[PDB]
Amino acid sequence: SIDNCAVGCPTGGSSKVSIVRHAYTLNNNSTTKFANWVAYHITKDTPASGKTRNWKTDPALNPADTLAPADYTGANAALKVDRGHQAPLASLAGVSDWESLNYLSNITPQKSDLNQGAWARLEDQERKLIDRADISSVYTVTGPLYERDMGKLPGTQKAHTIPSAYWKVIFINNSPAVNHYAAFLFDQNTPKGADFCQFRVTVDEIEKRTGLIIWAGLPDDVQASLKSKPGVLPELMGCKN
């Protein structure tokens, strides 16, 4: 009874069932150990600052199909990665199941310079959209890409696949059929000082690279036309051209 997608959650996830929470809807990958996609819905009631971060194994998954906190030991030192959120904590932690934002189904080993740099700056602008009086929702889908060998977490024996990049698809209010939208894609090795505005892409590129269909409930004609056209939502997020 919770719809975190509005226009249909993505198809093409490796799991036929998705986890549905107030914080987000997520589709796990038991092979990579990370979520294929995470969909969430920011409203005026969802942001909450200063929450704590008790990393925890997601109790709704089989423990063999996801990571545990122990699996991150030594990762920062060896790989210069953080425990990076997919659905962002500060944008969503006002919901009733907020601690699930720190479940490791919502985390990947994300390069620190990306997590703390352009990815964070994009999160900040994404969240700020909800402060506009005429913006009542931000609906986002985010996830990883696996396109090159990224090495392995040193602290685990579990088979897993570290992402090589991350993507984020955003629209406001009711539907990208009528409302502004955006899509971004960042390599893991994006420089710390990068401008997130330089990473705009089409939804079609993300779909072709991921094997997903985003906004899967839209009419075919809407999908074809809008997914090959970069959106204008980034212009409201401080981007030029």
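Heads up: residue numbers just count along the shown sequence, starting at 1.
Mean Cα B-factor comparison, 126-134 or 87-95, giving the higher one as deposited | It is 126-134.
Per the entry, higher mean C-alpha B factor between 139-147 and 152-160 = Of 139-147 and 152-160, the stretch with the higher C-alpha B-factor average is 152-160.
Whose CA atom has the top B-factor in the entry, of 181, 55, 37, 196?
-> Largest recorded C-alpha B-factor: 196.
Residue, from 62, 27, 202, 175, that the PDB entry assigns the highest Cα B-factor = Most elevated C-alpha B-factor of the set, per the entry: 62.
Lowest, middle or highest third: where is residue 33 by C-alpha B factor in its chain?
-> Within its chain, residue 33 is a lowest-third residue by C-alpha B-factor, going by the deposited values.
Would you mind ranking residue 69 by its C-alpha B-factor against the rest of the chain and naming the third, lowest, middle or highest?
-> Lowest third.
Comparing residue 208 with the other modelled residues of its chain, is its CA B-factor in the lowest, middle or highest third?
-> Lowest third, going by the recorded CA B-factors of the chain.
With respect to C-alpha B-factor, does residue 9 fall in the lowest, middle or highest third of the chain as deposited?
-> Within its chain, residue 9 is a lowest-third residue by C-alpha B-factor, going by the deposited values.
Name the third of the chain's ranked CA B-factors that contains residue 106, choosing lowest, middle or highest.
-> For residue 106, whose C-alpha B-factor we compare with every modelled residue in the chain, the answer is the lowest third.
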